[PDB]
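Whatever order the structure lists ligands and atoms in, that order sets their numbers, starting from 1. A, B, ... follow the sequence lines: proteins, then strands. Residue 1 opens every chain.
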Amino acid sequence: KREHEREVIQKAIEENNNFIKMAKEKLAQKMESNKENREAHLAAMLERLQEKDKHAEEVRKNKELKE
Amino acid sequence: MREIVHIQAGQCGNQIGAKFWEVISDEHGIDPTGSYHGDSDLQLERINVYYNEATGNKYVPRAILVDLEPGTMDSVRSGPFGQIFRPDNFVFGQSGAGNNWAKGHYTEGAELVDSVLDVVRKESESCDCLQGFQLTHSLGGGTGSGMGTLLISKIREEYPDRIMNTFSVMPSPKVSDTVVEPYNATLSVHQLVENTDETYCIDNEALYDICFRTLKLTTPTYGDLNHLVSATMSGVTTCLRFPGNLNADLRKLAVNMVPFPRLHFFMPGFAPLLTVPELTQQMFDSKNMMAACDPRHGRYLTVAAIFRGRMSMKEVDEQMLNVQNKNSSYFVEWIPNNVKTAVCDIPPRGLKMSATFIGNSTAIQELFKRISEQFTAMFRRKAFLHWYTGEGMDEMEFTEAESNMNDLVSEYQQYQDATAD
Amino acid sequence: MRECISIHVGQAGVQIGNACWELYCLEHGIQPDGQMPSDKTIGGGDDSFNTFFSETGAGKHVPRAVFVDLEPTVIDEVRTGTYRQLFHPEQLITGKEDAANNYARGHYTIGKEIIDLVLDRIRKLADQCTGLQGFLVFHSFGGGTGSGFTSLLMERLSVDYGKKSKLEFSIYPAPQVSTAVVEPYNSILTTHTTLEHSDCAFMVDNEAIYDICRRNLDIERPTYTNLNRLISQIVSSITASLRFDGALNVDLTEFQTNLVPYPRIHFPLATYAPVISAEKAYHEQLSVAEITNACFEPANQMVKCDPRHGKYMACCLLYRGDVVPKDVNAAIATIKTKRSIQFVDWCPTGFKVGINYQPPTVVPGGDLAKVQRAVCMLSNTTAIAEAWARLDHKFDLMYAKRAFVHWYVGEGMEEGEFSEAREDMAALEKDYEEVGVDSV
Ligand SMILES: Nc1nc2c(ncn2[C@@H]2O[C@H](COP(=O)(O)OP(=O)(O)OP(=O)(O)O)[C@@H](O)[C@H]2O)c(=O)[nH]1
Ligand SMILES: Nc1nc2c(ncn2[C@@H]2O[C@H](COP(=O)(O)OP(=O)(O)O)[C@@H](O)[C@H]2O)c(=O)[nH]1
Ligand SMILES: [Ca+2]
Ligand SMILES: [Mg+2]
Ligand SMILES: [Mg+2]
């Protein structure tokens, strides 16, 4: 009976510790996945505007061809 | 609090922008010398959204005036409230765009774009919490059309996480300045689709038709047209300027009005042009829209309605709920509760009650069909292309912008015919 | 001992917190400067009201509360308001720009910039507790902060405080007073994320409270002040067992044992009576039998649903004021005949009763009349799933066209998070069907 009583209290401890652990890792994965996602969206946006500037350079060099 | 940076570019931009600053300074009680002389503390509760506070408790508009020719900005500085503006915020060109998009976007405008960015960077760097940018311009000219859209793209590069809002003026042959206006508009619409969060379509055709059919004039000047724009621009920013809970800032307005990123072109409406039922009915009337489109020819994705003045806010709830039920088939089912209603106890000048309508309707495709039909009829013959290809442009840029606009109209039709159940 | 820390998140949670802490002070005799002339133990003590108020040496009774909002506008009214001396500045935490009605901004983009500071301040409150019991989290479903930041906070509280009890007072969105078109999205997302981190959640349907104000108080167009003062009466009834004491005062954790048969079935239905105007209260006194009868009128429920369409798994009556058991048992005996109250077959059918002798009070100048006796009912009925169903249907309508989803994806979220959250709701709806089916 004493051995079972320690099995129960250690299982309760293990349950609470595991709930905290899973919560802590699910959250870290969510925040990291979200941070990378948002940086990828902003990077894709700024790269798209980078092409706008290169095409604007192509337009100015094309006009420059007077002779 | 939440600062908005204002930019005006070109003739039409600086003109309507002047009237805008004249109207709201009058509403917030600010004289041409930048001094407050009002009665209600609600005029200063969110005054910092559009104004800075300098030495001597003076309120200076956070506005930047841009143009490739000085003639338009000179009469602004000489006009009423010309002293209220920061003289360093005047950015002046000496060449002009000749009402040519390529000159505004690539040649004359690109030479002056850096000096504008410096002034914009100073106004933004001293902002507690920048909301974004508010542009006034036309799409049928050269400076505001070409350099405006260029200014949008260059600002997006430096402030990609800020809201980009524009008051764009659509050209029509009823007040046509030049003949190449379908070219400038189609190239600019292609830019507004990709780089702005929300665009108020100020259609000159709707302005002239109101200034002709409703208000009888026959010979409507730009002042009568801009009078409609000032009242409209004052109405659609009431939620930004006074203590309000609904659509209080630019991002909350964009979140609640834009269900899909490209479909961000709004139909502004204003009433009157005597009671809350009458005010509500006129507000939804196709003849009160500042865009030449009939909403009964399309569907409402989202709508925002601002009642200004003193009235029964219970009667307003009953009237805005009544029009949604009676006109149920004109609102998309797959967006529940897509009509928001705001109330501001402070009316505009000269009116005891007013109503401002901002609709995101698929019927806006009619305005884009009108500009595209004038484009293709002009592009079918390659007319006036030397103005643009002389500035280094290629025919690809024209065909793409037209193909982009044809995809926008088909996108509006896609969601007009979309159902649930 | 047995302290409770309150956390008010976003505009709705903050403004409701103002109503609750104002009502608490009136119930306990605490002045706006925190002084309590009746409290003879200066600088501390273990009275029942100390579960919510700490004490300074100068005799000020300080709420065990934290206010959090990602924008300063609302909390600035606490800072300059009537009860500004009640709180220390460290309990009032504000950001610069809000979540813009976007769960992603409340949970991720804007939220992560202030979450550590908020937890640090919560930790400073917990360190003053001799035996912290848990948290009460007030928030809206629909706001970007009330949904996104609350989810992030409840996740962090599970980590920093183990399985310590976390209770919710959540504002279910109603079109009559709504702020954003994307409120079904934020509601499903936060309900999914918080589901496994909340022991008990009292939902409040703004349309239910709105209609109660119109009908019972004769307010043409009720405001947030009207709604929050009514909501504060329900919160007061629920926490009165913690804040007050008595021979018949049944603790809330004891009700909680009966109210939560399974971890996910933790959404009790609240019903309050009497809500009457001063004019009607001048005419007639409402007995124990009358206010008890009103608890089974669906018009007095905090959430719009039909309990006849479901089954009961628990039924608790929380009385306050001039009430004795003999009246309660007689009134319950009447209700157990004139009303058909169907229980699931795996649950006992009795009603659990608590009485708090401290009489209810009202804010002076308000619209609620001061009555001699009030009751709050907390029942666990499968019918509350109808509220999930209505909300889920609005979500499904917009998500089928991916309407507004770009505002969430642009802030770093994925379509998978929407479908995963919606599936959790479908499973929760299925859970509520299963618990109500008779045994074999
Ligand atoms: N009952 C009640 N509901 C409120 C109150 N304030 C806001 N709400 C509701 O809350 C929802 C909107 O969320 P809010 O709490 O206002 O927004 P928030 O939490 O500050 O989030 P963001 O402003 O987006 O950063 C709507 O359904 C409102 O009806 C209030 O004081 N009382
Ligand atoms: N409503 C309105 N439209 C204008 C105004 N000024 C010009 N426009 C329109 O703008 C178009 C020409 O653009 P413009 O202002 O000349 O461009 P800019 O020269 O580069 O600044 C024409 O189609 C006009 O109808 C104005 O003050 N009000
Ligand atoms: Ca004491
Ligand atoms: Mg011109
Ligand atoms: Mg808010």
Atoms of ligand 1, numbered as shown, that sit under 4.0 Å from any heavy atom of [X]:
| X | answer |
| --- | --- |
| C:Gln15 | 6 (N), 30 (C), 31 (O) |
| C:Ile171 | 3 (N) |
| C:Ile231 | 1 (N) |
| C:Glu183 | 11 (C), 12 (C), 26 (C), 27 (O) |
| C:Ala100 | 24 (O) |
| C:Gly144 | 21 (O), 22 (P), 24 (O) |
| C:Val177 | 28 (C), 29 (O) |
| C:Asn101 | 24 (O) |

Enclosure of C:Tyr83 OH (heavy-atom neighbours >12, cutoff 6.0 Å): yes
More than 12 heavy atoms of other groups within 6.0 Å of C:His406 NE2: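 Counting neighbours around NE2 of C:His406, more than 12 heavy atoms of other residues, nucleotides or ligands fall under 6.0 Å, so yes.
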With sequence neighbours excluded, residues passing side-chain hydrogen bond (donor to acceptor under 3.5 Å, both in side chains) with C:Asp211: C:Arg214, C:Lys304
Residues which pass side-chain hydrogen bond (donor to acceptor under 3.5 Å, both in side chains) with C:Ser147, listed by chain and number, not counting sequence neighbours: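 Checked C:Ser147 against side-chain hydrogen bond (donor to acceptor under 3.5 Å, both in side chains); zero matches.
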C:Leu70 heavy atom under 4.0 Å from ligand 1: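 Contact absent.
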Contact check, B:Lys252 vs ligand 1, heavy-atom distance below 4.0 Å: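 In this structure, B:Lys252 qualifies as a contact of ligand 1 - some heavy atom is under 4.0 Å.
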Aromatic plane relationship, C:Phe169 with C:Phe202 - under 30° parallel, 30 to 60° tilted, over 60° perpendicular: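 The arrangement is parallel - the two ring planes meet at less than 30°.
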Plane angle bin for C:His107 and C:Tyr103 - parallel if under 30°, tilted between 30 and 60°, otherwise perpendicular: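 Parallel, since the angle between the ring planes stays under 30°.
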Quick one: look up the protein heavy atom nearest [atom] and list residue, atom name and how far away it is.
| atom | value |
| --- | --- |
| atom 28 (C) of ligand 1 | C:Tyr224 OH, 3.5 Å |
| atom 10 (O) of ligand 1 | C:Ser140 CB, 3.4 Å |
| atom 8 (N) of ligand 1 | C:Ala12 CB, 3.4 Å |
| atom 32 (N) of ligand 1 | C:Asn228 OD1, 2.6 Å |
| atom 16 (O) of ligand 1 | C:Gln11 CB, 3.7 Å |
| atom 17 (O) of ligand 1 | C:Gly143 CA, 3.5 Å |

Flag [X] as yes when one of its N or O atoms lies below 3.5 Å from any N or O atom of ligand 1, and as no otherwise.
| X | value |
| --- | --- |
| C:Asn206 | yes |
| C:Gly146 | yes |
| C:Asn102 | no |
| C:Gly142 | no |
| C:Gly10 | no |

N/O donor-acceptor pair under 3.5 Å between B:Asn100 side chain and B:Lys103 backbone: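 Present.
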Can you confirm whether the side chains of [X] and [Y] place a donor and an acceptor under 3.5 Å from each other?
| X | Y | value |
| --- | --- | --- |
| C:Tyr24 | C:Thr239 | yes |
| C:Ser170 | C:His139 | yes |
| C:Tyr408 | C:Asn186 | yes |
| C:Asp205 | C:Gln301 | no |

Test: A:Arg38 cationic atom under 6.0 Å from C:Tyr108 six-membered ring centre, within 45° of axis: no
Nearby protein N/O/S atoms (those under 2.8 Å) for the Mg ion (ligand 4), with water ignored: B:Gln11 OE1, B:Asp177 OD2
Salt bridge (charged side-chain N to carboxylate O under 4.0 Å, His left out) partners of residues 170-182 of chain B, not counting sequence neighbours, each pair once: B:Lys174-B:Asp209
Ring-ring centroid check C:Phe404 C:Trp407, cutoff 6.0 Å: no
Stepwise salt bridge (charged side-chain N to carboxylate O under 4.0 Å, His left out) check, C:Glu97 with C:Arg105: CA-CA 10 Å; C:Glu97 58 177 343; C:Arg105 294 177 61 93; 3.4 Å; yes
Closest to atom 25 (O) of ligand 1 among B:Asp249, C:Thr145, C:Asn186 (heavy-atom distance):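 Comparing heavy atoms across B:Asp249, C:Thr145, C:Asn186, the nearest one to atom 25 (O) of ligand 1 lies in C:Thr145.
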Carboxylate-amine/guanidinium proximity below 4.0 Å for C:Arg221 and B:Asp317: yes
Charged N-O contact under 4.0 Å between C:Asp76 and C:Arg79: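 Salt bridge flag = yes for C:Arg79 with C:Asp76.
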